[PDB]
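To start, the structure itself, in structure tokens.
Read-outs: derived from the displayed coordinates by stated rules, not from any lab. Cβ atoms come from the backbone with ideal geometry, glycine included; neighbour counts cover every protein chain shown.
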Amino acid sequence: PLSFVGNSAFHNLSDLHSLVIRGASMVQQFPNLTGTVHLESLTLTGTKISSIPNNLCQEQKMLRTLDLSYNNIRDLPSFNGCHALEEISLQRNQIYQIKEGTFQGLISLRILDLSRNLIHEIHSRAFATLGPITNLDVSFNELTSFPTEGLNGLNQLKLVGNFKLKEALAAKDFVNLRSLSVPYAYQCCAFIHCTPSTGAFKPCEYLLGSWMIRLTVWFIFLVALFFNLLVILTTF
Amino acid sequence: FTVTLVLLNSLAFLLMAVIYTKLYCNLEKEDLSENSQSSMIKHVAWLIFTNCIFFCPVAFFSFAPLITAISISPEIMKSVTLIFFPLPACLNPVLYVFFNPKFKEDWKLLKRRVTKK
Amino acid sequence: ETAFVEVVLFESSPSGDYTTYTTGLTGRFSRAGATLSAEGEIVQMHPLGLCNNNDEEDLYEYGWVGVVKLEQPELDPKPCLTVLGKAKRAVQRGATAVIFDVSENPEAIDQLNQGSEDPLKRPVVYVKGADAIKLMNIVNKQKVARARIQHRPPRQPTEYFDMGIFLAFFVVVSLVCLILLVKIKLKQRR
Amino acid sequence: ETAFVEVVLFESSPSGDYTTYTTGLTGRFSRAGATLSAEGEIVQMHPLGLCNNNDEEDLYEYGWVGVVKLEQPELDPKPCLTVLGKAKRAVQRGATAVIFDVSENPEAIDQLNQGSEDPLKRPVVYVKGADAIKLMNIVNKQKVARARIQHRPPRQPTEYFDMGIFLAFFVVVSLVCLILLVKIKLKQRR
Amino acid sequence: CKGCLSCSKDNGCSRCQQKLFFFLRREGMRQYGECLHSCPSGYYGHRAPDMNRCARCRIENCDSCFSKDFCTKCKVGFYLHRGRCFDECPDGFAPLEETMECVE
């Protein structure tokens, strides 16, 4: 039951190979980790941190896995420098905007996650410099326009909860995509695995199934109209 | 709830329409006679019968999900609703046009009005 | 949804060719795993061999169709992990599919098939009864075997005749109503 | 009949967990092999490395998805074996499935799909073009890879409700025939 | 792609020269042809009129063999006797370590 941790309570440990902190609610600042330059993994959940020091990628050069979920992170500083970083998870935070240069040069990034945030504006070139990113997660957010440049290598993706996302995506940019979960099934009509499926209730290209059925309803409509109008003429 | 209500009024309607047609049949005076009113009487009789002749299956397919005992593909209810919901309407004018001498008299009147127009 | 499992016993001829003898099995694709087709060698695992968080002692190669035999639920009153947790841990370890013998812990069937909004990309199959005892008998007797998980495609669409014959009674009955009124009309004529 | 192929790579984490990155492919289940789903590691083989009748030099383990790249047909004017012979030999070696790159020898497609009354229990898939060059590029680059082959189930039965419209025209036209005669009858009445 | 009549990038060499040995090299999944003037250790060059190919030395305990069963030199711990590997020099023969082979 860790409640509070001293601000400068982890510096100078020049060989601290890992650091995990959970439940430290009373913490309100990022720890003063200067000097500790051998953190392969890092975790800080359930804490009131607002921002991040900018020299983070310049200090923990060989940082590999990072997680900052369940925090009050609002503004994302530049992540250029953590050239060995693989997973980032910032879910359940107050992140509201994404700039172009935030993910500049994350060569080895594999897993990304920003779900349950307030992000609505993604710069077009946000993912241009990305490497072999496989899972991207921006579910439960306020996205309206989704850039896709430099994303063809993705394998799994989710957008569920993005109600403002009323548009679709071009399959030309999702060559290797396997699993997808979009808020509206119509966004999946363009394409392998999808959620929710485009069932017969909501077709893709023809509202009336196949041909000769459209002809059926055509004939029904013409005969109904003509006979009805003649009936009105005769009656009234 | 709305589907149950619409069915409830549908069954009550079908019952009372059947009862009324039975009452019309029981009327010997209008039955044995060749009165012109009986023409449209039978006309609305066939219309009222075919209304659920074509809508009762739609009700069956709407309650099919409620029964949730048979694996029904979406396409089957889709097709039956798209074909059998507008069906009871689009054929009634044809039936009145081609199965009622009263309409023929009305059409003669329409021809007279067109010629005098 | 049923799973068709074949266990292949290959024997190395000295010349280099392989002779195979296969045995059939049938399970049920559990909801926790996507209903797909997998293939890999059988690696039986103890139930308690999955909770441990030090995998470095048992780094297995990829594509191993793990097999677990669940035991008396009261025998483990303090469950280290849920069944879905075991499946997730196995898939993390490089398993391509997971098979559970629930012959002794039948509640595991509903535990797997219950509402879990985190389905696994690899199939999960639970067997029980004669198939389960057969699988246990082969596993604890042979040396190397390769299991294959087959998902039979669906069956014929009997929906064809359904609505045309349905419309057949509809048309027949509608005409029957029409002729019954015509019969009344003929009665008036007489 | 089309075959969907996933090429999965690994990165063994020191902790013991496995990380994967998959790439898609599309081929055609050739008639020479039964359309099924198979999985196994990729073992590329030279075309001339199959007809040899001494496997004891290179006995492989069971369940390996072999890959071959056929070459210019005139480059081997004295063909050591037919393509079906190559597939049979590969299956003898313990291959669980065989994939051919026919990008340079297109006639192999009809050679495989032609009348051969000896189908093989394991699927045979031939690719060509962009997918073929992608597969060759990954094979000669990576170190370990596992290929998964999937047989997509058939699509929806539109056969369902095509008769409903077919009988609809039929009933409507028959009504048209009857009603036209009634129109003639009304003309006689006038 | 040296000494190759027809070299392809994916499959390496596919038809060695007239007087050259066609050998298949295994590395990872990649397997490709090569042309050598003499087959490597553990193989014996088998000549042919169409294409000359190397084959594995089937005789056990061998590192270099002249034919399918005649080993020019065995591994350590096995003296050479008529091209065959024996740990001990049999009767009528005594070990000779200087050349590591069985002498009278």
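Does A:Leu165 satisfy being more than 11 Å from every other protein chain (Cβ to nearest Cβ), in contact with a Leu (Cβ under 6 Å, 6 or more places away or on another chain) and surrounded by 16 or more Cβ atoms within 10 Å (Cβ to Cβ)? Answer is yes for this residue.
Just so you know, in region E:1-47 the residues that are within 12 Å of chain D (Cβ to nearest Cβ) and small (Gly, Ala, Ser) include one that is nearest to D:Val102 (Cα to Cα), and it is E:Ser8.
Condition test on C:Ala145, is it more than 30 Å from C:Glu41 (Cα to Cα), within 13 Å of chain D (Cβ to nearest Cβ) and surrounded by 12 or more Cβ atoms within 10 Å (Cβ to Cβ)? Answer is no for this residue.
If you go through region D:23-35 and pick out every residue that is within 14 Å of chain C (Cβ to nearest Cβ) and either basic (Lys, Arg) or under 9 Å from the mean Cα position of the chain (by Cα) (or both), you end up with 2.
The residues listed here are D:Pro14, D:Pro47; of these, the one that is facing another protein chain (nearest Cβ under 8 Å) and farther than 26 Å from C:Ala90 by Cβ is D:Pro47. Within region B:101-108, is even one residue more than 14 Å from chain A (Cβ to nearest Cβ), farther than 26 Å from A:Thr216 by Cβ and not aromatic (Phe, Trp, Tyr)? No: zero hits.
For residues that are outside any helix (DSSP H, G or I) and either β-branched (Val, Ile, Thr) or more than 14 Å from chain D (Cβ to nearest Cβ) (or both), scanning just region C:148-165, find the one that is surrounded by the fewest Cβ atoms within 10 Å (Cβ to Cβ).
Among residues in region C:148-165 that are outside any helix (DSSP H, G or I) and either β-branched (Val, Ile, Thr) or more than 14 Å from chain D (Cβ to nearest Cβ) (or both), the one surrounded by the fewest Cβ atoms within 10 Å (Cβ to Cβ) is C:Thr158.
Within region C:94-115, one or more residues are of a type outside the set (A, V, I, L, M, F, W, C) and closer than 30 Å to D:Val144 by Cα. The residue that is farthest from the other protein chains (Cβ to nearest Cβ), among those in region C:125-142 that are crowded, with 16+ Cβ neighbours inside 10 Å and outside any helix (DSSP H, G or I), is C:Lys128. Between a first residue in region D:154-182 that is more than 27 Å from C:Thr158 (Cβ to Cβ) and a second residue that is among the basic types (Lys, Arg), which pairs have beta carbons less than 7 Å apart while being 6 or more apart in sequence or on different chains? Every condition considered, no pair remains. On inspection, B:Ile48 fails the criterion of being of a type in the set (A, V, I, L, M) and under 30 Å from D:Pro157 (Cβ atoms).
Residues in region D:166-190 that are among the charged types (D, E, K, R) and assigned to a helix (DSSP H, G or I) were compared, and the one that is nearest to B:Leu87 (Cα to Cα) is D:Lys183. Scanning region C:58-70 for residues that are more than 8 Å from chain D (Cβ to nearest Cβ) and charged (D, E, K, R), we see that the one that is surrounded by the most Cβ atoms within 10 Å (Cβ to Cβ) is C:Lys69. Each residue in region E:1-46 was checked for being within 14 Å of the chain's Cα centre (by Cα) and under 17 Å from D:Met45 (Cα atoms), and 4 of them qualify. Looking only at region A:168-201, which residues are within 14 Å of chain B (Cβ to nearest Cβ) and either over 30 Å from D:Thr158 (Cα atoms) or of a type in the set (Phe, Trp, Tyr) (or both)? Listed by number, the list holds a single entry, A:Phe201. Based on what the data block shows, is C:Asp118 within 14 Å of another protein chain (Cβ to nearest Cβ), acidic (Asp, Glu) and more than 23 Å from C:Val68 (Cβ to Cβ)? Criteria not met by C:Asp118.
Looking across C:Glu107, C:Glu39, C:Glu57, one residue alone is within 25 Å of D:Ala147 (Cβ to Cβ) and among the acidic types (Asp, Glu). It is C:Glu39.
Okay, residues lined up against (1) closer than 24 Å to A:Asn117 by Cβ; (2) over 22 Å from the mean Cα position of the chain (by Cα); (3) among the acidic types (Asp, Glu):
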site: A:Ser18; (1), (2), (3): no, yes, no
site: A:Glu40; (1), (2), (3): no, yes, yes
site: A:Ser50; (1), (2), (3): yes, no, no
site: A:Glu59; (1), (2), (3): no, yes, yes
site: A:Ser69; (1), (2), (3): yes, no, no
site: A:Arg74; (1), (2), (3): yes, no, no
site: A:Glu86; (1), (2), (3): yes, no, yes
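Within region B:32-72, the only residue that satisfies the criterion of being charged (D, E, K, R) and surrounded by fewer than 17 Cβ atoms within 10 Å (Cβ to Cβ) is B:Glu34.
Within region B:70-84, the presence of a residue that is over 24 Å from D:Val176 (Cβ atoms), more than 8 Å from every other protein chain (Cβ to nearest Cβ) and in contact with a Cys (Cβ under 9 Å, 6 or more places away or on another chain) is excluded.
Of all the numbered requirements in (1) farther than 30 Å from B:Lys42 by Cβ; (2) more than 8 Å from every other protein chain (Cβ to nearest Cβ), C:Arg189 misses one, and that requirement is (1). Please tell me if B:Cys90 is more than 11 Å from chain A (Cβ to nearest Cβ), more than 30 Å from A:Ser197 (Cα to Cα), surrounded by 18 or more Cβ atoms within 10 Å (Cβ to Cβ) and not small (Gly, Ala, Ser). So B:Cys90 does not fit the description; no.
Annotation: of all residues in region A:164-173 being basic (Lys, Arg) and part of a loop (DSSP other than H, G, I, E, B), the one that is farthest from the chain's Cα centre (by Cα) is A:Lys166.
For region C:82-97, a residue qualifies if it is within 14 Å of chain D (Cβ to nearest Cβ) and of a type in the set (A, V, I, L, M, F, W, C), and the qualifying residues are C:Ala90, C:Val91, C:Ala95, C:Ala97. Consider region D:166-181 and keep the residues that are surrounded by 12 or more Cβ atoms within 10 Å (Cβ to Cβ) and more than 13 Å from chain C (Cβ to nearest Cβ). The one that is farthest from A:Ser197 (Cα to Cα) is D:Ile179.
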